[PDB]
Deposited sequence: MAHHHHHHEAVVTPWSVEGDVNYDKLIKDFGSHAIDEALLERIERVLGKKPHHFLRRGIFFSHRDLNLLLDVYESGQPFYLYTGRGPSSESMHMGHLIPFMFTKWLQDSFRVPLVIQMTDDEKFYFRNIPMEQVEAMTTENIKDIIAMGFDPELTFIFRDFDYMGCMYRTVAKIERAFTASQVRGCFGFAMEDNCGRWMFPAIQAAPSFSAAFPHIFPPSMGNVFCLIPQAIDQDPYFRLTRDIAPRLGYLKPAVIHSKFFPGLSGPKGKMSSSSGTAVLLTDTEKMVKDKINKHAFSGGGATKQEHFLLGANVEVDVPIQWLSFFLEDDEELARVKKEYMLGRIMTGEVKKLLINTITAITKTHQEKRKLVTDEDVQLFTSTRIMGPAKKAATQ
């Protein structure tokens, strides 16, 4: 199923040798996503690790499209894994809020997008991300900081090509046509001089993304050296299986929504200790009791954490303060 996808996207499987490498590099066991093979494929990860073991820094880049809702459980994966990578490797994390993208795609008024984006930013800060090494940005504000790197990608991409990947119609607005380069830009360390100074050159980027999005992104990877940039490394996740459950849900709703292969999979994602998964993996309703318990905590913890996130925290995480390798 997945081994077939690896072959024709062409990618690279995460083997046992690479798991042993991650372990001796960090001095710990890998995250359960890796041990259980949820994050299963990659591009250039070995290069990134070479770089790290040499004392060079790298960074992480994930993004988040604003919704007028709260994150689904399945949306947590890359943030859960990102946060681990960041804690472990002690590296910067750049989180892009694609407020311009929501604005261009749906016909919604900007002040409504901006307002929902604020709320999505709070959901993220509530995950416990370290503000010493994490930078959340709004395209509407941070474009212009990074416009030069955006401009270099816009000039590299042709209308025909982005049409090809994304399937834009002529009756689609210009905002949609131009956005792909904005999404590309963060893959490149030049986009963040307040964290990677241009006098130090390129810093490697690692992007966690579900395997399905890879075909967009061969575009942005192959054009890196023409810009003298560093083709960014990628680590691929397996699909999250649906049913949805939201972070704002009460115990009752989580209990109700849940009540068979699918739930065992949910536990593969969320239950932390391994032997208790193995014990389980050997009635249907007793399973569901365990999943509802473990999810409830995650949500309850998130709800409890969110209510302390304040407007200054949002300003703090969004500000362009000197970070990471700008310790000089």
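Mapping the modelled residues onto the deposited sequence reveals missing stretches at 1 to 21, 265 to 277, 294 to 315, 339 to 345, 392 to 395.
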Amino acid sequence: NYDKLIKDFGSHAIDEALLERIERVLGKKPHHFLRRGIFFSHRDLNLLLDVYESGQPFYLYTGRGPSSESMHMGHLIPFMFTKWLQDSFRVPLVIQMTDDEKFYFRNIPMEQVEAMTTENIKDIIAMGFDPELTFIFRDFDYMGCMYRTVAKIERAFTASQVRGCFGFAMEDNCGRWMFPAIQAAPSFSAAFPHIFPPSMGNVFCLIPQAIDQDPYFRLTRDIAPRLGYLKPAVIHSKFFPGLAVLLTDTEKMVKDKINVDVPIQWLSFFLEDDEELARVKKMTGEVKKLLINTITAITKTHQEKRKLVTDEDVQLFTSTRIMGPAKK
From here on, numbers count along this sequence of modelled residues.
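The mean Cα B-factor in the deposited entry runs higher for 66 to 74 than for the other of 66 to 74 and 295 to 303.
Look at the C-alpha B-factors of 209 to 217 and of 89 to 97. On average they run higher in 209 to 217.
When the C-alpha B factors of 183, 250, 118, 107 are read from the deposited coordinates, the top value falls at 107. Remark: of 141, 171, 256, 111, 111 shows the highest value [criterion: C-alpha B-factor in the PDB entry]. The entry lists a Cα temperature factor for residue 284 that places it in the highest third of the chain's modelled residues. Residue 270 sits in the middle third of its chain by CA B factor, as recorded in the PDB entry. In this PDB entry, residue 154 carries a Cα temperature factor that places it within the middle third of its chain's modelled residues. Per-chain ranking of the deposited C-alpha B factor places residue 161 in the middle third. The PDB entry assigns residue 131 a C-alpha temperature factor belonging to the highest third of its chain's modelled residues.
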